[PDB]
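Undergrad: Contents are mmCIF, N, CA and C atoms; file name start.cif:
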data_work
#
loop_
_atom_site.label_atom_id
_atom_site.label_comp_id
_atom_site.auth_asym_id
_atom_site.auth_seq_id
_atom_site.Cartn_x
_atom_site.Cartn_y
_atom_site.Cartn_z
N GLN D 1 85.04 86.53 111.08
CA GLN D 1 84.42 87.84 111.28
C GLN D 1 85.48 88.93 111.28
N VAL D 2 86.59 88.69 111.97
CA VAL D 2 87.71 89.63 111.95
C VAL D 2 88.43 89.50 110.62
N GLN D 3 88.63 90.63 109.94
CA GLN D 3 89.22 90.65 108.62
C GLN D 3 90.06 91.91 108.48
N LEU D 4 91.27 91.74 107.97
CA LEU D 4 92.14 92.84 107.59
C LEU D 4 92.40 92.73 106.09
N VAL D 5 92.36 93.87 105.41
CA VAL D 5 92.60 93.93 103.97
C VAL D 5 93.59 95.05 103.71
N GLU D 6 94.79 94.69 103.26
CA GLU D 6 95.80 95.67 102.87
C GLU D 6 95.60 96.12 101.43
N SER D 7 95.94 97.38 101.16
CA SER D 7 95.90 97.91 99.81
C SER D 7 96.82 99.13 99.75
N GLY D 8 97.02 99.64 98.55
CA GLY D 8 97.82 100.83 98.35
C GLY D 8 99.22 100.58 97.83
N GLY D 9 99.63 99.32 97.71
CA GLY D 9 100.93 99.01 97.15
C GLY D 9 101.00 99.35 95.67
N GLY D 10 102.20 99.18 95.12
CA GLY D 10 102.39 99.45 93.71
C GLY D 10 103.87 99.48 93.35
N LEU D 11 104.14 100.04 92.17
CA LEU D 11 105.48 100.11 91.60
C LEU D 11 105.86 101.58 91.49
N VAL D 12 106.88 101.99 92.25
CA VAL D 12 107.40 103.34 92.17
C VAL D 12 108.91 103.28 91.95
N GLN D 13 109.48 104.42 91.61
CA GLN D 13 110.92 104.56 91.49
C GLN D 13 111.50 105.01 92.83
N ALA D 14 112.81 104.82 92.98
CA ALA D 14 113.48 105.22 94.21
C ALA D 14 113.23 106.70 94.49
N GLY D 15 112.86 107.01 95.73
CA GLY D 15 112.59 108.36 96.16
C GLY D 15 111.11 108.72 96.25
N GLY D 16 110.25 107.97 95.57
CA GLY D 16 108.83 108.24 95.58
C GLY D 16 108.17 107.82 96.88
N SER D 17 106.84 107.90 96.87
CA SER D 17 106.04 107.65 98.06
C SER D 17 104.87 106.74 97.73
N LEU D 18 104.40 106.04 98.76
CA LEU D 18 103.17 105.27 98.68
C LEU D 18 102.39 105.51 99.96
N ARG D 19 101.14 105.08 99.94
CA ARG D 19 100.33 105.12 101.17
C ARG D 19 99.54 103.82 101.28
N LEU D 20 99.94 102.96 102.21
CA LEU D 20 99.23 101.71 102.42
C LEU D 20 98.06 101.91 103.36
N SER D 21 96.97 101.20 103.09
CA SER D 21 95.79 101.16 103.94
C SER D 21 95.54 99.74 104.42
N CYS D 22 95.07 99.63 105.65
CA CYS D 22 94.68 98.38 106.28
C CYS D 22 93.25 98.59 106.74
N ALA D 23 92.30 98.09 105.96
CA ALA D 23 90.88 98.19 106.29
C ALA D 23 90.50 97.02 107.19
N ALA D 24 90.02 97.35 108.39
CA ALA D 24 89.63 96.36 109.38
C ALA D 24 88.12 96.19 109.39
N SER D 25 87.69 94.96 109.66
CA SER D 25 86.27 94.69 109.79
C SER D 25 86.10 93.57 110.80
N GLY D 26 84.92 93.53 111.42
CA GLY D 26 84.63 92.55 112.45
C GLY D 26 85.15 92.90 113.82
N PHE D 27 85.70 94.10 114.00
CA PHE D 27 86.23 94.54 115.28
C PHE D 27 86.64 96.01 115.15
N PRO D 28 86.69 96.74 116.26
CA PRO D 28 87.05 98.17 116.17
C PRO D 28 88.57 98.36 116.14
N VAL D 29 89.06 99.04 115.11
CA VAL D 29 90.52 99.23 114.90
C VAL D 29 91.16 100.06 116.01
N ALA D 30 90.42 101.02 116.55
CA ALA D 30 90.96 101.99 117.53
C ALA D 30 91.29 101.36 118.89
N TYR D 31 90.71 100.21 119.22
CA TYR D 31 90.92 99.60 120.53
C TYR D 31 91.89 98.43 120.48
N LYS D 32 92.70 98.34 119.44
CA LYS D 32 93.69 97.29 119.32
C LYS D 32 95.02 97.90 118.90
N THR D 33 96.10 97.33 119.40
CA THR D 33 97.43 97.78 118.98
C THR D 33 97.66 97.12 117.63
N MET D 34 98.13 97.87 116.64
CA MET D 34 98.33 97.17 115.36
C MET D 34 99.73 97.39 114.83
N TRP D 35 100.20 96.41 114.10
CA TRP D 35 101.54 96.46 113.53
C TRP D 35 101.45 96.32 112.02
N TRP D 36 102.44 96.90 111.40
CA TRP D 36 102.79 96.60 110.02
C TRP D 36 104.10 95.84 110.02
N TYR D 37 104.18 94.81 109.19
CA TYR D 37 105.44 94.13 108.92
C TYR D 37 105.54 93.88 107.42
N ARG D 38 106.69 93.35 107.00
CA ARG D 38 106.91 93.12 105.59
C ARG D 38 107.77 91.88 105.41
N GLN D 39 107.62 91.26 104.24
CA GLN D 39 108.38 90.07 103.90
C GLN D 39 108.86 90.22 102.46
N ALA D 40 110.18 90.25 102.29
CA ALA D 40 110.79 90.24 100.97
C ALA D 40 110.94 88.80 100.50
N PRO D 41 111.02 88.58 99.17
CA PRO D 41 111.00 87.20 98.64
C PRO D 41 112.00 86.26 99.28
N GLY D 42 113.30 86.53 99.12
CA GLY D 42 114.32 85.63 99.61
C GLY D 42 114.63 85.70 101.08
N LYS D 43 113.88 86.47 101.86
CA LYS D 43 114.20 86.70 103.27
C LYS D 43 112.99 86.42 104.17
N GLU D 44 113.12 86.73 105.46
CA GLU D 44 112.08 86.47 106.45
C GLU D 44 111.50 87.79 106.97
N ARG D 45 110.42 87.67 107.73
CA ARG D 45 109.58 88.83 108.04
C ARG D 45 110.30 89.84 108.92
N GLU D 46 110.01 91.12 108.68
CA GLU D 46 110.63 92.23 109.39
C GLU D 46 109.55 93.15 109.91
N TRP D 47 109.60 93.46 111.20
CA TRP D 47 108.68 94.44 111.75
C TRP D 47 108.97 95.83 111.18
N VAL D 48 107.91 96.55 110.84
CA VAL D 48 108.01 97.87 110.21
C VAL D 48 107.55 98.97 111.15
N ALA D 49 106.33 98.86 111.69
CA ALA D 49 105.85 99.95 112.54
C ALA D 49 104.69 99.46 113.40
N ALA D 50 104.39 100.23 114.44
CA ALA D 50 103.30 99.87 115.34
C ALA D 50 102.62 101.12 115.87
N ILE D 51 101.31 101.01 116.10
CA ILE D 51 100.53 102.07 116.72
C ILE D 51 99.72 101.49 117.87
N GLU D 52 99.78 102.16 119.02
CA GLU D 52 99.13 101.69 120.23
C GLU D 52 97.63 101.93 120.14
N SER D 53 96.86 101.09 120.83
CA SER D 53 95.41 101.27 120.85
C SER D 53 95.05 102.60 121.51
N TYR D 54 93.80 103.01 121.31
CA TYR D 54 93.32 104.30 121.81
C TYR D 54 93.48 104.41 123.32
N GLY D 55 94.00 105.56 123.77
CA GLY D 55 94.09 105.83 125.20
C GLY D 55 95.31 106.64 125.57
N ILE D 56 96.49 106.10 125.29
CA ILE D 56 97.73 106.86 125.34
C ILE D 56 98.42 106.66 124.00
N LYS D 57 98.70 107.77 123.32
CA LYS D 57 99.23 107.70 121.96
C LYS D 57 100.69 107.29 121.99
N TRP D 58 101.06 106.41 121.07
CA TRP D 58 102.38 105.81 121.03
C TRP D 58 102.59 105.17 119.66
N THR D 59 103.54 105.69 118.89
CA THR D 59 103.88 105.07 117.62
C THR D 59 105.35 104.71 117.63
N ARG D 60 105.68 103.62 116.93
CA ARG D 60 107.03 103.10 116.94
C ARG D 60 107.38 102.61 115.55
N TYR D 61 108.66 102.68 115.21
CA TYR D 61 109.13 102.37 113.87
C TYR D 61 110.42 101.58 113.96
N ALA D 62 110.61 100.67 113.02
CA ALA D 62 111.92 100.06 112.89
C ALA D 62 112.92 101.15 112.50
N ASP D 63 114.14 101.04 113.03
CA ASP D 63 115.14 102.07 112.77
C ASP D 63 115.35 102.33 111.28
N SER D 64 115.24 101.29 110.44
CA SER D 64 115.51 101.47 109.02
C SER D 64 114.46 102.31 108.30
N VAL D 65 113.29 102.52 108.91
CA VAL D 65 112.23 103.32 108.29
C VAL D 65 111.88 104.56 109.09
N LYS D 66 112.43 104.73 110.29
CA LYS D 66 112.11 105.90 111.10
C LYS D 66 112.48 107.17 110.34
N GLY D 67 111.57 108.14 110.34
CA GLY D 67 111.78 109.37 109.60
C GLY D 67 111.27 109.34 108.17
N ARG D 68 111.04 108.16 107.61
CA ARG D 68 110.45 108.03 106.28
C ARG D 68 109.01 107.55 106.31
N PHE D 69 108.64 106.69 107.26
CA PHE D 69 107.30 106.12 107.36
C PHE D 69 106.54 106.75 108.52
N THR D 70 105.23 106.87 108.34
CA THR D 70 104.33 107.36 109.37
C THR D 70 103.12 106.45 109.44
N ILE D 71 102.88 105.86 110.61
CA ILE D 71 101.68 105.06 110.84
C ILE D 71 100.63 105.95 111.49
N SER D 72 99.38 105.79 111.07
CA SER D 72 98.30 106.59 111.63
C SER D 72 96.99 105.82 111.50
N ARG D 73 95.93 106.35 112.09
CA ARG D 73 94.68 105.62 112.21
C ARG D 73 93.50 106.55 111.99
N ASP D 74 92.47 106.05 111.30
CA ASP D 74 91.17 106.71 111.18
C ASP D 74 90.14 105.80 111.84
N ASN D 75 89.67 106.20 113.03
CA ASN D 75 88.74 105.36 113.79
C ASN D 75 87.38 105.29 113.12
N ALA D 76 86.96 106.38 112.46
CA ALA D 76 85.66 106.40 111.79
C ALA D 76 85.65 105.48 110.58
N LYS D 77 86.69 105.55 109.76
CA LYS D 77 86.83 104.64 108.63
C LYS D 77 87.34 103.27 109.03
N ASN D 78 87.73 103.09 110.30
CA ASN D 78 88.22 101.82 110.82
C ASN D 78 89.42 101.32 110.03
N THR D 79 90.38 102.23 109.80
CA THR D 79 91.49 101.95 108.90
C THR D 79 92.81 102.42 109.52
N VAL D 80 93.87 101.65 109.30
CA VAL D 80 95.22 102.07 109.68
C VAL D 80 96.02 102.35 108.41
N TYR D 81 96.82 103.41 108.43
CA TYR D 81 97.59 103.83 107.26
C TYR D 81 99.08 103.77 107.56
N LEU D 82 99.86 103.45 106.53
CA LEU D 82 101.32 103.60 106.54
C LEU D 82 101.72 104.50 105.37
N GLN D 83 102.04 105.74 105.69
CA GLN D 83 102.58 106.70 104.71
C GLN D 83 104.06 106.37 104.55
N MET D 84 104.50 106.05 103.35
CA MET D 84 105.90 105.69 103.10
C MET D 84 106.51 106.72 102.15
N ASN D 85 107.46 107.51 102.64
CA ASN D 85 108.20 108.46 101.80
C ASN D 85 109.63 107.99 101.61
N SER D 86 110.30 108.60 100.63
CA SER D 86 111.71 108.36 100.35
C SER D 86 112.00 106.87 100.20
N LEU D 87 111.21 106.21 99.36
CA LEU D 87 111.31 104.76 99.24
C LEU D 87 112.65 104.35 98.64
N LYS D 88 113.16 103.21 99.09
CA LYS D 88 114.40 102.62 98.61
C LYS D 88 114.11 101.23 98.04
N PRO D 89 114.97 100.72 97.16
CA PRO D 89 114.79 99.33 96.71
C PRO D 89 114.79 98.32 97.85
N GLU D 90 115.55 98.58 98.92
CA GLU D 90 115.52 97.72 100.10
C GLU D 90 114.14 97.66 100.75
N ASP D 91 113.23 98.56 100.39
CA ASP D 91 111.87 98.54 100.93
C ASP D 91 110.95 97.61 100.15
N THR D 92 111.42 97.02 99.05
CA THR D 92 110.58 96.18 98.21
C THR D 92 110.20 94.90 98.95
N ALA D 93 108.89 94.66 99.10
CA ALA D 93 108.41 93.50 99.85
C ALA D 93 106.89 93.47 99.79
N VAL D 94 106.31 92.39 100.32
CA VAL D 94 104.88 92.35 100.61
C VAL D 94 104.67 92.90 102.01
N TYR D 95 103.80 93.90 102.13
CA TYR D 95 103.50 94.54 103.40
C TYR D 95 102.18 94.01 103.94
N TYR D 96 102.17 93.67 105.23
CA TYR D 96 100.99 93.15 105.92
C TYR D 96 100.74 93.97 107.17
N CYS D 97 99.46 94.06 107.54
CA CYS D 97 99.08 94.57 108.85
C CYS D 97 98.59 93.42 109.70
N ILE D 98 98.80 93.53 111.01
CA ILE D 98 98.50 92.43 111.91
C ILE D 98 97.95 92.96 113.22
N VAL D 99 96.99 92.22 113.75
CA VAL D 99 96.34 92.49 115.02
C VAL D 99 96.11 91.14 115.70
N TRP D 100 96.02 91.17 117.02
CA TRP D 100 95.82 89.97 117.82
C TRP D 100 94.49 90.15 118.55
N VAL D 101 93.50 89.40 118.09
CA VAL D 101 92.15 89.33 118.71
C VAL D 101 92.06 87.87 119.16
N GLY D 102 92.64 87.58 120.33
CA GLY D 102 92.86 86.19 120.67
C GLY D 102 93.98 85.63 119.82
N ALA D 103 93.62 85.12 118.64
CA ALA D 103 94.64 84.74 117.68
C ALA D 103 95.16 85.99 116.96
N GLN D 104 96.20 85.79 116.16
CA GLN D 104 96.65 86.83 115.26
C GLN D 104 95.86 86.75 113.96
N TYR D 105 95.55 87.91 113.41
CA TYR D 105 94.90 88.05 112.12
C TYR D 105 95.72 89.02 111.29
N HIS D 106 96.08 88.61 110.08
CA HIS D 106 96.75 89.47 109.11
C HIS D 106 96.00 89.40 107.79
N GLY D 107 96.29 90.32 106.88
CA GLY D 107 95.65 90.33 105.58
C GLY D 107 96.39 89.49 104.56
N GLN D 108 95.93 89.59 103.31
CA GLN D 108 96.63 88.92 102.21
C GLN D 108 97.94 89.62 101.84
N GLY D 109 98.12 90.87 102.26
CA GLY D 109 99.33 91.60 101.94
C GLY D 109 99.19 92.44 100.69
N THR D 110 100.06 93.44 100.57
CA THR D 110 100.10 94.31 99.40
C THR D 110 101.54 94.47 98.93
N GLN D 111 101.75 94.36 97.63
CA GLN D 111 103.10 94.33 97.06
C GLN D 111 103.61 95.75 96.85
N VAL D 112 104.81 96.03 97.36
CA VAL D 112 105.50 97.30 97.17
C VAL D 112 106.81 97.00 96.45
N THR D 113 106.98 97.59 95.26
CA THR D 113 108.20 97.43 94.48
C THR D 113 108.79 98.80 94.18
N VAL D 114 110.07 98.96 94.51
CA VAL D 114 110.79 100.23 94.37
C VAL D 114 111.97 99.98 93.44
N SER D 115 111.91 100.54 92.24
CA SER D 115 112.97 100.37 91.25
C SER D 115 114.03 101.45 91.41
N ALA D 116 115.30 101.06 91.26
CA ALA D 116 116.42 101.98 91.44
C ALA D 116 116.47 103.00 90.31
#
Would you kindly transcribe this structure into structure tokens?
TA:
Amino acid sequence: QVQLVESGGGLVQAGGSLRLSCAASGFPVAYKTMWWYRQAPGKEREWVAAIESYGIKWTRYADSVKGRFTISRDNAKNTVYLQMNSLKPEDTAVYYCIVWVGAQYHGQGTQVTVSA
């Protein structure tokens, strides 16, 4: 019943921007803390950003993306967004959103490729 679906990835050149979406279903997005993470091919998973559930606002970013990425939420559309500006090739990876409703639930991921 709980389902996350990432989208918005693609192929851009260094310096461009993307906007990832995490469409949630089977539960209300606004009442859960959600994270974005990413996994590059030859490496292991890296936390990217987090947004606190509704009540006291709190957003957090990995140091390597702070100032370039913005996480935000649309409670009506039940969606979490990651605005990514000033993209670098080091940002190339599959991006996932994750929430814990008892267990953890993540999506299939969305591919972000940044060419130099």
Undergrad: Identify which of the residues D:14, D:76, D:94, D:29 lies closest to residue D:52, counting all atoms listed in the file when measuring atom-to-atom distances.
TA: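 For residue D:52, the nearest of the candidates is D:29.
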Undergrad: Which residues fall under the PyMOL selection byres (((chain D and resi 83-85 and name CA) around 7) and name CA) in this file, as a count of residues only?
TA: 13
Undergrad: How would you write, as an MDAnalysis selection string, the residues chosen by the PyMOL selection byres (((chain D and resi 97 and name CA) around 9) and name CA) on this structure?
TA: chainID D and resid 4:6 21:22 34:38 80 95:96 98:99 105:107 109
Undergrad: Restricted to N, CA and C atoms, what would the selected residues look like written as a compact mmCIF listing (two decimals), in the frame of the given file?
TA:
# COMPACT_ATOMS: atom_id res chain seq x y z
N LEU D 4 91.27 91.74 107.97
CA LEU D 4 92.14 92.84 107.59
C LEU D 4 92.40 92.73 106.09
N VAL D 5 92.36 93.87 105.41
CA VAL D 5 92.60 93.93 103.97
C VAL D 5 93.59 95.05 103.71
N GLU D 6 94.79 94.69 103.26
CA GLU D 6 95.80 95.67 102.87
C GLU D 6 95.60 96.12 101.43
N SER D 21 96.97 101.20 103.09
CA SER D 21 95.79 101.16 103.94
C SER D 21 95.54 99.74 104.42
N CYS D 22 95.07 99.63 105.65
CA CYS D 22 94.68 98.38 106.28
C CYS D 22 93.25 98.59 106.74
N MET D 34 98.13 97.87 116.64
CA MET D 34 98.33 97.17 115.36
C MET D 34 99.73 97.39 114.83
N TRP D 35 100.20 96.41 114.10
CA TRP D 35 101.54 96.46 113.53
C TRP D 35 101.45 96.32 112.02
N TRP D 36 102.44 96.90 111.40
CA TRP D 36 102.79 96.60 110.02
C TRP D 36 104.10 95.84 110.02
N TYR D 37 104.18 94.81 109.19
CA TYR D 37 105.44 94.13 108.92
C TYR D 37 105.54 93.88 107.42
N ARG D 38 106.69 93.35 107.00
CA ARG D 38 106.91 93.12 105.59
C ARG D 38 107.77 91.88 105.41
N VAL D 80 93.87 101.65 109.30
CA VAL D 80 95.22 102.07 109.68
C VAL D 80 96.02 102.35 108.41
N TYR D 95 103.80 93.90 102.13
CA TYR D 95 103.50 94.54 103.40
C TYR D 95 102.18 94.01 103.94
N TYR D 96 102.17 93.67 105.23
CA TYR D 96 100.99 93.15 105.92
C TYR D 96 100.74 93.97 107.17
N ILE D 98 98.80 93.53 111.01
CA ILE D 98 98.50 92.43 111.91
C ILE D 98 97.95 92.96 113.22
N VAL D 99 96.99 92.22 113.75
CA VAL D 99 96.34 92.49 115.02
C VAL D 99 96.11 91.14 115.70
N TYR D 105 95.55 87.91 113.41
CA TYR D 105 94.90 88.05 112.12
C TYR D 105 95.72 89.02 111.29
N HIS D 106 96.08 88.61 110.08
CA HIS D 106 96.75 89.47 109.11
C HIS D 106 96.00 89.40 107.79
N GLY D 107 96.29 90.32 106.88
CA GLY D 107 95.65 90.33 105.58
C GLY D 107 96.39 89.49 104.56
N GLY D 109 98.12 90.87 102.26
CA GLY D 109 99.33 91.60 101.94
C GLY D 109 99.19 92.44 100.69
Undergrad: Since I can't run it myself right now, could you work out what the PyMOL selection byres ((chain D and resi 89) around 8) selects here and report it as a list in words?
TA: residues 13, 14, 15, 86, 87, 88, 90, 91, 92, 93, 113, 114, 115 and 116 of chain D
Undergrad: So which residues of chain D fall under strand (DSSP E) by DSSP, listed as a ChimeraX atom specification?
TA: /D:3-7,10-13,18-25,34-39,46-51,59-61,69-74,79-84,93-101,103-106,110-115
Undergrad: Give me, as a PDB file with N, CA and C atoms, in the frame of the given file, all polymer residues having an atom no more than 6 Å from residue D:1, counting only N, CA and C atoms and skipping those fewer than 5 positions away in the same chain.
TA:
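Dumped everything to result_17.pdb:
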ATOM      1  N   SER D  25      87.690  94.960 109.660  1.00  0.00           N
ATOM      2  CA  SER D  25      86.270  94.690 109.790  1.00  0.00           C
ATOM      3  C   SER D  25      86.100  93.570 110.800  1.00  0.00           C
ATOM      4  N   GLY D  26      84.920  93.530 111.420  1.00  0.00           N
ATOM      5  CA  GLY D  26      84.630  92.550 112.450  1.00  0.00           C
ATOM      6  C   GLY D  26      85.150  92.900 113.820  1.00  0.00           C
ATOM      7  N   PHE D  27      85.700  94.100 114.000  1.00  0.00           N
ATOM      8  CA  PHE D  27      86.230  94.540 115.280  1.00  0.00           C
ATOM      9  C   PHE D  27      86.640  96.010 115.150  1.00  0.00           C
TER      10      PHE D  27
END
Undergrad: Would you list the contacts of residue D:79 as an MDAnalysis selection string, taking every protein, DNA or RNA residue within 5 Å and counting only N, CA and C atoms, but skipping same-chain residues closer than 3 positions in sequence?
TA: chainID D and resid 22:24 73:74
Undergrad: Choose the residue, out of D:62, D:2, D:12, D:50, that has the smallest atom-to-atom separation from residue D:33; count all atoms listed in the file.
TA: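 When distances to residue D:33 are compared using all atoms listed in the file, the smallest one comes from D:50.
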Undergrad: Save stretch 46-64 of chain D to a file: N, CA, C and O atoms, as a compact mmCIF listing (two decimals), in the first residue's frame.
TA:
# COMPACT_ATOMS: atom_id res chain seq x y z
N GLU D 46 24.91 7.20 -0.21
CA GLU D 46 25.26 8.46 0.44
C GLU D 46 23.99 9.23 0.75
O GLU D 46 23.16 9.45 -0.13
N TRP D 47 23.84 9.65 2.00
CA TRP D 47 22.72 10.51 2.35
C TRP D 47 22.86 11.87 1.67
O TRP D 47 23.95 12.46 1.64
N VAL D 48 21.75 12.38 1.14
CA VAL D 48 21.73 13.64 0.40
C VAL D 48 20.99 14.73 1.17
O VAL D 48 21.53 15.81 1.38
N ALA D 49 19.75 14.46 1.58
CA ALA D 49 19.01 15.52 2.26
C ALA D 49 17.84 14.93 3.03
O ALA D 49 17.44 13.79 2.81
N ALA D 50 17.30 15.73 3.95
CA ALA D 50 16.18 15.27 4.77
C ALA D 50 15.26 16.43 5.09
O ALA D 50 15.70 17.58 5.23
N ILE D 51 13.96 16.13 5.20
CA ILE D 51 12.96 17.10 5.61
C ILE D 51 12.11 16.49 6.73
O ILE D 51 11.65 15.35 6.62
N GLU D 52 11.94 17.25 7.80
CA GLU D 52 11.22 16.79 8.98
C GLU D 52 9.72 16.77 8.70
O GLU D 52 9.21 17.55 7.88
N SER D 53 9.01 15.88 9.39
CA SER D 53 7.56 15.82 9.24
C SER D 53 6.93 17.12 9.72
O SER D 53 7.55 17.94 10.40
N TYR D 54 5.66 17.31 9.35
CA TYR D 54 4.93 18.53 9.65
C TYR D 54 4.89 18.80 11.15
O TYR D 54 4.62 17.89 11.95
N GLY D 55 5.16 20.05 11.54
CA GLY D 55 5.04 20.45 12.93
C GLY D 55 6.07 21.48 13.35
O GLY D 55 5.72 22.59 13.77
N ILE D 56 7.34 21.12 13.25
CA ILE D 56 8.44 22.07 13.35
C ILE D 56 9.31 21.88 12.12
O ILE D 56 9.75 20.76 11.83
N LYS D 57 9.50 22.95 11.36
CA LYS D 57 10.19 22.86 10.08
C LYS D 57 11.68 22.70 10.31
O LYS D 57 12.27 23.35 11.18
N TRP D 58 12.29 21.81 9.52
CA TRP D 58 13.69 21.44 9.68
C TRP D 58 14.15 20.73 8.42
O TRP D 58 13.65 19.65 8.08
N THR D 59 15.09 21.32 7.70
CA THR D 59 15.68 20.67 6.55
C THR D 59 17.18 20.55 6.75
O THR D 59 17.80 21.40 7.41
N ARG D 60 17.74 19.48 6.21
CA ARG D 60 19.15 19.19 6.41
C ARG D 60 19.74 18.64 5.12
O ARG D 60 19.04 17.99 4.34
N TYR D 61 21.02 18.90 4.92
CA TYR D 61 21.69 18.56 3.67
C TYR D 61 23.06 18.00 3.98
O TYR D 61 23.71 18.41 4.95
N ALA D 62 23.51 17.05 3.16
CA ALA D 62 24.90 16.66 3.23
C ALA D 62 25.76 17.86 2.84
O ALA D 62 25.38 18.66 1.98
N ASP D 63 26.91 18.00 3.50
CA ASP D 63 27.77 19.16 3.25
C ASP D 63 28.11 19.32 1.77
O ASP D 63 28.21 20.44 1.28
N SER D 64 28.26 18.21 1.04
CA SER D 64 28.68 18.31 -0.36
C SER D 64 27.60 18.90 -1.27
O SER D 64 27.92 19.31 -2.40
